[PDB]
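Protein chains in written order, with the deposited numbering: chain A, 188 to 454; chain A', 188 to 454. A prime marks a further copy of an entry chain.
All C-beta atoms in this analysis are idealised placements derived from N, C-alpha and C, irrespective of residue type, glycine included.
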Ligand SMILES: Nc1ncnc2c1ncn2[C@@H]1O[C@H](COP(=O)(O)OP(=O)(O)OP(=O)(O)O)[C@@H](O)[C@H]1O
Ligand SMILES: Nc1ncnc2c1ncn2[C@@H]1O[C@H](COP(=O)(O)OP(=O)(O)OP(=O)(O)O)[C@@H](O)[C@H]1O
Ligand SMILES: N[C@@H](CCCCNC(=O)OCc1ccccc1Br)C(=O)O
Ligand SMILES: N[C@@H](CCCCNC(=O)OCc1ccccc1Br)C(=O)O
Ligand SMILES: [Mg+2]
Ligand SMILES: [Mg+2]
Ligand SMILES: [Mg+2]
Ligand SMILES: [Mg+2]
Ligand SMILES: [Mg+2]
Ligand SMILES: [Mg+2]
């Protein structure tokens with residue numbers, strides 16, 4: 188008995204990283220599907236009985252506590268933003284990131300990153316708060332993607348940043364190290380570059396990019412009224428969850444009607 | 188010395204409910220503005236030094252703990268949804284709620300409510316979880332609005348719901364009473380009606396609608412594969428914050444670059 192592509196795809200939906208089941212051992216599809224359906228129902232019943240917290244919600248809460256306790260102000264800024272912020276961030280009207288923007292109406296878009304709203308907060312808060320200014324945000328961001336195992340069109344970003352004193356590469360690396368040590372995630376730092384910010388310190392878990400981080404100043408600062416040293420980093424929460432839970436596909440971690448805490452809801 | 192409309196508007200931005208300052212006492216605008224700027228800087232410095240949590244984030248966390256502890260599963264579902272869900276909810280292509288939808292691309296929109304995603308979860312979870320099924324979600328929703336003192340175009344909804352046993356008007360009212368007692372908010376229940384769900388139990392704080400709640404079944408259920416009794420209610424978090432903090436305008440409570448925890452960021 189050989190399994191079709193449709194049958195293999197169904198069993199993959201129902202399989203979880205903790206299982207050790209051979210799909211092509213010769214056991215018939217009916218028995219493999221029944222076994223995995225029972226395991227997944229049991230898993231969902233246990234979540235309902237004992238935890239009840241959503242992985243993305245819980246991780247946002249965990250990250251929020253970490254940064255609040257370290258002196259960063261928690262921001263919740265608009266997800267629907269002016270389309271003018273795109274050109275103003277140096278996302279040239281050519282393509283790459285520009286073709287990835289979801290437009291809303293004629294003058295708005297869904298934010299593809301948190302940085303512009305955070306830059307506006309740094310500028311405004313510097314007129315009232317003592318040095319250094321430390322803020323962060325966690326929330327939804329949106330990009331059109333070719334959709335692989337590591338990209339979502341609707342994902343969740345953390346961006347923390349600081350402006351004023353202490354905005355050095357060593358302090359940025361120290362914050363990233365404390366943060367990922369808190370989550371229990373091994374990493375290395377590798378140099379990369381991007382169109383918006385220039386040179387980045389990319390935080391890698393193996394071949395998976397968890398974050399890009401930047402040490403300012405950069406030429407873009409003038410356009411946003413930023414006139415002091417700064418440091419910042421952006422992380423994808425679903426990528427963090429993919430590492431934490433050993434998911435093969437980031438879709439297990441996404442906002443979704445198709446998975447609850449990585450368990451298929453098609454049972 | 189009389190104040191212009193622009194000067195009055197500026198002082199209103201800087202005024203907070205706890206102040207007792209007459210804007211038109213005859214004191215010159217320069218002194219009223221300087222006094223309010225100092226108070227607001229002091230307020231923001233105190234938040235930065237001692238709390239650091241965003242009002243909307245904190246309230247979402249408080250509400251999440253309440254519902255998780257009462258047996259409801261925490262959901263985080265897509266904000267960008269299929270445009271087909273609009274017609275399928277009975278939002279007729281005429282207008283009213285239909286003209287309020289933000290469209291994205293050609294086949295998507297920003298969700299104007301949480302209900303359709305929650306209906307899909309109830310249906311799917313009923314195939315694996317024991318009766319009754321209890322779930323909730325908190326997150327952003329979007330509607331085009333004439334924009335008054337009680338409406339935002341980008342707001343935050345809580346919707347909790349239950350399907351199976353216990354889906355009575357008395358139990359729905361009991362949950363609403365426990366919830367608003369937990370937040371310390373007085374209310375009454377008044378009947379109303381809406382195009383989507385029919386008769387609603389509206390939760391009122393004075394003339395302010397905090398929620399619409401529904402006791403099913405309703406004719407819409409068949410289109411969503413819902414085939415059991417159910418109850419549910421939707422609340423706006425920014426309206427809850429407006430009551431809690433005595434804000435004159437709901438914009439003080441919104442996701443915004445213009446206010447932080449109700450304090451102007453234009454200082
Ligand atoms: N489409 C996406 N889905 C999930 N997470 C994402 C996506 N795009 C970015 N992120 C996360 O946000 C972080 C910061 O965004 P950044 O602009 O640096 O991404 P990126 O360099 O375009 O990532 P990649 O090179 O993997 O596309 C990334 O390191 C990643 O963790
Ligand atoms: N544009 C908005 N801004 C802020 N909160 C809102 C908005 N629309 C709805 N809500 C909140 O969501 C809850 C449930 O949504 P519902 O569809 O019942 O609103 P609604 O009846 O259209 O409210 P209203 O009659 O005030 O426009 C409302 O009771 C309200 O608390
Ligand atoms: N990995 C993230 C890294 C974001 C870092 C930016 N965070 C910030 O604090 O703003 C500083 C800023 C100043 C001036 C002009 C523009 C800007 Br932006 C990303 O590429 O999405
Ligand atoms: N005040 C909120 C009240 C929402 C209650 C709905 N919540 C739910 O659980 O779904 C049940 C459901 C079943 C079948 C077909 C459609 C649907 Br929807 C609002 O009007 O936004
Ligand atoms: Mg990319
Ligand atoms: Mg990259
Ligand atoms: Mg990057
Ligand atoms: Mg309305
Ligand atoms: Mg109403
Ligand atoms: Mg209503």
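Contact under 8 Å by Cβ, residue i with residue j
i	j	result
residue 329 of chain A	residue 289 of chain A	yes
residue 201 of chain A	residue 231 of chain A	no
residue 253 of chain A'	residue 369 of chain A'	yes
residue 323 of chain A	residue 261 of chain A	yes
residue 359 of chain A'	residue 374 of chain A'	no
residue 278 of chain A'	residue 295 of chain A'	no
residue 424 of chain A'	residue 343 of chain A'	yes
residue 266 of chain A	residue 297 of chain A	yes
residue 422 of chain A'	residue 401 of chain A'	no
residue 416 of chain A'	residue 354 of chain A'	yes
residue 388 of chain A'	residue 378 of chain A'	yes
Beta-bridge partners of residue i, as assigned by DSSP
i	result
residue 261 of chain A'	A':323
residue 341 of chain A	A:329
residue 268 of chain A	A:296
residue 388 of chain A'	A':378 and A':400
residue 200 of chain A'	Residue 200 of chain A' is not bridged to any residue.
residue 354 of chain A'	BP columns for residue 354 of chain A' are empty, so no partner.
Cβ of residue i within 8 Å of any chain A' Cβ
i	result
residue 261 of chain A	yes
residue 404 of chain A	no
residue 315 of chain A	yes
residue 251 of chain A	yes
residue 347 of chain A	no
residue 266 of chain A	yes
residue 416 of chain A	no
residue 446 of chain A	no
residue 232 of chain A	yes
residue 318 of chain A	no
residue 329 of chain A	yes
residue 282 of chain A	no
residue 312 of chain A	yes
residue 422 of chain A	no
Residue i in three-state terms, based on DSSP
i	result
residue 401 of chain A'	strand
residue 440 of chain A'	helix
residue 396 of chain A'	strand
residue 380 of chain A	strand
residue 413 of chain A	coil
residue 334 of chain A	coil
residue 418 of chain A'	strand
residue 449 of chain A	coil
residue 423 of chain A	strand
residue 347 of chain A'	strand
residue 290 of chain A'	strand
residue 213 of chain A'	coil
residue 317 of chain A'	coil
residue 243 of chain A	helix
residue 234 of chain A'	helix
residue 191 of chain A	coil
residue 279 of chain A'	coil
residue 284 of chain A	coil
residue 250 of chain A'	helix
residue 366 of chain A	helix
residue 208 of chain A'	coil
Residue-chain proximity (residue i, chain A), Cβ-Cβ < 8 Å
i	result
residue 237 of chain A'	no
residue 442 of chain A'	yes
residue 408 of chain A'	no
residue 244 of chain A'	yes
residue 240 of chain A'	yes
residue 426 of chain A'	no
residue 294 of chain A'	no
residue 304 of chain A'	yes
residue 223 of chain A'	no
residue 198 of chain A'	no
residue 248 of chain A'	yes
residue 341 of chain A'	yes
residue 309 of chain A'	no
Exercise answer, beta-carbon shell around ligand 4 heavy atoms below 5 Å
A':300, A':302, A':305, A':306, A':348, A':399, A':401, A':407, A':408, A':411, A':413, A':419 and A':421
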